[PDB]
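Residue numbers (the entry's author numbering), protein chains in the order written: chain A, 148 to 665; chain C, 5 to 21; chain B, 25 to 110. Note that the Cβ used here is the ideal one computed from N, Cα and C, for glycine as well.
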Amino acid sequence: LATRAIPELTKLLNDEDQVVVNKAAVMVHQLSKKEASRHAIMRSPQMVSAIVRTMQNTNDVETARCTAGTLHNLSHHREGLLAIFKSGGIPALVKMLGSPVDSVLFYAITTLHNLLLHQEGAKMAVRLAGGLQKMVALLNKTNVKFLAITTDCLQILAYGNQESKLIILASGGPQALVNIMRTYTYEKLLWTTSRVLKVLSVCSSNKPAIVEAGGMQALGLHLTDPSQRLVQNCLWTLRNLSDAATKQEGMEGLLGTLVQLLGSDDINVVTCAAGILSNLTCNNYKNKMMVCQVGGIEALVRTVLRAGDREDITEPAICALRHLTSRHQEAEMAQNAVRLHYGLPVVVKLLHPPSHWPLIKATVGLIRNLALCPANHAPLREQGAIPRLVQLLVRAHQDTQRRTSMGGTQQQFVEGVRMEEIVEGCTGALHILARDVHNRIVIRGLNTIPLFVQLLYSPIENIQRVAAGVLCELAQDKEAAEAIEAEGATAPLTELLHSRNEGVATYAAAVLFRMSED
Amino acid sequence: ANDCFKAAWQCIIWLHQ
Amino acid sequence: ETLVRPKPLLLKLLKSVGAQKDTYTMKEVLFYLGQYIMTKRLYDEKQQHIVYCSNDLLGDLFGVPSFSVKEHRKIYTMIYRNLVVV
Ligand SMILES: *CC(=O)Nc1ccc(NC(=O)C*)cc1
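This is the structure:
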């Protein structure tokens, strides 16, 4: 087509008469409509260098719409973006994210959105021009599709850049991004807003502020929405963002939704569902109540059955069961429902190989909770719990007894289990199982008493608690009492009766009560 | 004549159940 | 916590030391019962870890003429048959 008028127009926008400028940009936006004349403006950096100035320095409305509208018509074409960038448009477009009119924002927030993706360098120049602050401030617009572009721009800038993740936090971010998920219904916006909340979660600086505003309770609203691209992102967020949600309510519906997700054909959902319940039941009293009231035992026991040896599923599942079976009103039922739903045999099998150690650390801790309700004393002995709990206790001692290593004794994690914890739990579990008399013949018969006595010197105050307690539960029978009184115990227990915690000044005194008396 | 009994029960009550 | 409602063949024991309620925590039952043995003098003041109850109310509730102080479980289960838990 034709150019032959751009230098004529190059100076006409710079005319000091702010009325001719309106009568000048009125055709530039119109002449930018065709693909032909569009290439002319792009090849004239003297022309675009005047449109940018007329944007950041105008009092009219049609000029601001025609200018920022022209810059949008260039964004679809490649070399029309570099001209905007080499003319210093980014500091000007970010400005108009402040002036209040809707006609320019769809033209500005889009011209930035294309500039963030299809041209490099903008992801840095926008952060320097203070773009994140003006972008979060315009999250309260009544439009929904406009927010799908605005929230997506936040995802591009805060991706893997903890400088940007901290800016959105300081400028009131999480508390506003929740009132977007909690309100609107557009899938594209909710998919992006959840996609933003996740890369804000891994940074342990936004984790409480999202919880504090009300993120969990609102993200669970859309757990039933069809599009799976939105479902797992919400689950992925909660899993990373449930670490600091242990102390608030309103989750009443959130827990009666993850339980149903345990019976889903998607393994990557159950893994991101039991891990949530494992963290959301570590300290709260009434959270454990709500799980046991939605039938959470039966549904969670079945998960381990079909999980098999996949420890990534059983590790949070056993930890979740350990929480429900301890210290709350619904205790006698939570410890009973595992039996009635045929969960006792499989739990004992997890003690045996090939189960790794962090899962076993949680399973040997589950037995001490399952053994509170005395209706589980016989089935545990029937499934071979005593001879297997002793085996794990034997190695745990015959491995931390390798104090002979380098000058100072190297203690080795890596595997994740501090081997003093398996002794702290096994001898803590046997302390409960040694109430039923038939166990006290097996525990005795397995030649274990002269081993608790050597544990009784361990400087750990949690070993003495259970070792000097499991011996008290063995001290009833004289067949085991005056036998303990030979293999030590007479002297090491003599001055456990002045250790600090009043749980060891007793027990250790309860063993001496029956022994060398009459 | 009455202390070795009292100190025994307030240890059997320790364990609850 | 834990609340149990005893059977009235037990309540006579607690109603003798000054009990007033009809249901009790296990801490209270083990308290009123320990006061009965101390008041009625049932221990053997020689070596005091033995309780006698040949022809006494405990000798009817429990069933054993002489039980030890720390036999735990039997005592725990001996008390757990004259009550009905609520
Ligand atoms: C818990 C415990 O066993 N306390 C206890 C019981 C008995 C005695 N012996 C005497 O009182 C004579 C000491 C402590």
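The CB of residue 623 of chain A comes closer than 9 Å to the CB of 92, 94, 95, 96, 97, 98 in chain B, given here in chain order.
Listed along chain C is no residue with a C-beta nearer than 9 Å to that of residue 560 of chain A; the closest approach is about 35 Å.
Taking 8 Å as the upper bound on Cβ-Cβ separation, chain C lies near no residue of the stretch 597-623 of chain A. Remark: C-beta atoms of residue 222 of chain A and residue 261 of chain A approach each other more closely than 8 Å.
DSSP, read as helix, strand or coil, puts residue 109 of chain B in strand.
Scanning chain C for C-beta atoms nearer than 9 Å to the C-beta of residue 76 of chain B yields nothing, as the closest lies near 12 Å away.
At a Cβ-Cβ threshold of 8 Å, residue 264 of chain A and residue 303 of chain A count as neighbours. Taking every protein chain shown into account, the CB of residue 460 of chain A has 16 or more other CB atoms within 10 angstroms, so this residue is buried.
Taken atom to atom, the span from the alpha-carbon of residue 432 of chain A to that of residue 259 of chain A is near 49 Å. Taking C-beta separations shorter than 8 Å and ignoring five residues to either side along the sequence, the partners of residue 415 of chain A in its chain run 379, following chain order. Residue contact with chain A for residue 71 of chain B: present (Cβ-Cβ distance below 8 Å to some residue of chain A).
Residue burial is scored here from C-beta neighbours: residue 516 of chain A has at least 16 other C-beta atoms within 10 angstroms and is therefore classed as buried.
Counting only Cβ-Cβ distances below 8 Å, residue 12 of chain C has contacts in chain A at 660, in chain order. In this structure, the beta-carbon distance from residue 535 of chain A to residue 589 of chain A does not fall below 8 Å. Put simply, the CB of residue 51 of chain B is near chain C, with a gap under 8 Å to one of its CB atoms. Inside the stretch 338-398 of chain A, DSSP marks whole alpha helix (DSSP H) runs of 4 or more residues at positions 354-360, 362-366, 375-388, from first to last along the chain. The C-alpha of residue 608 of chain A is placed about 21 Å away from the C-alpha of residue 557 of chain A. Two segments are said to touch when three or more pairs of C-beta atoms, one from each, lie closer than 8 Å; by this definition the stretch 70-78 of chain B does not touch the stretch 26-34 of chain B. In chain order, 60 place their CB closer than 7 Å to the CB of residue 40 of chain B, counting only its own chain and leaving out the 5 sequence neighbours on each side. Straight-line measurement puts the Cα of residue 417 of chain A at about 14 Å from the Cα of residue 375 of chain A. Residue-level contact by beta carbon holds for residue 657 of chain A and chain B, with a gap shorter than 8 Å. Comparing alpha-carbon positions, the option among A:385, A:430, A:442 lying closest to residue 410 of chain A turns out to be A:442. Secondary structure at residue 74 of chain B: strand, using DSSP grouped into helix, strand and coil. Taking non-hydrogen atoms of ligand 1 into account, the C-beta of residue 665 of chain A is found less than 7 Å away from none of them. Leaving aside the five residues that flank residue 214 of chain A on each side, the residues in its chain whose CB is nearer than 7 Å to its CB run, in chain order, 172, 198, 201, 202. For a cut-off of 8 Å, the C-beta gap from residue 487 of chain A to residue 533 of chain A is around 23 Å, too long to register as a contact. In this structure, the alpha-carbon of residue 78 of chain B lies about 9 Å from that of residue 84 of chain B. With respect to residue 573 of chain A, residue 618 of chain A sits apart: the two C-beta atoms are not nearer than 8 Å. DSSP assignment within the stretch 400-450 of chain A yields the following whole alpha helix (DSSP H) runs of 4 residues or more, N-terminal first: 414-426, 432-440.
Taking a beta-carbon distance threshold of 8 Å, residue 58 of chain B counts as an interface residue toward chain C. The C-beta separation of residue 424 of chain A from residue 405 of chain A comes to about 6 Å, placing the pair in contact by the 8 Å criterion. Under the three-state reduction of DSSP output, residue 30 of chain B falls in the strand class. Here DSSP, grouped into helix, strand and coil, assigns residue 9 of chain C to helix. A Cβ-Cβ distance of about 22 Å is found for the pair residue 495 of chain A and residue 545 of chain A, leaving them out of contact under the 8 Å criterion. For residue 90 of chain B, the uninterrupted beta strand (DSSP E) run begins and ends at 90-92, by DSSP. DSSP places residue 654 of chain A in the coil class of the three-state scheme, outside both helix and strand.
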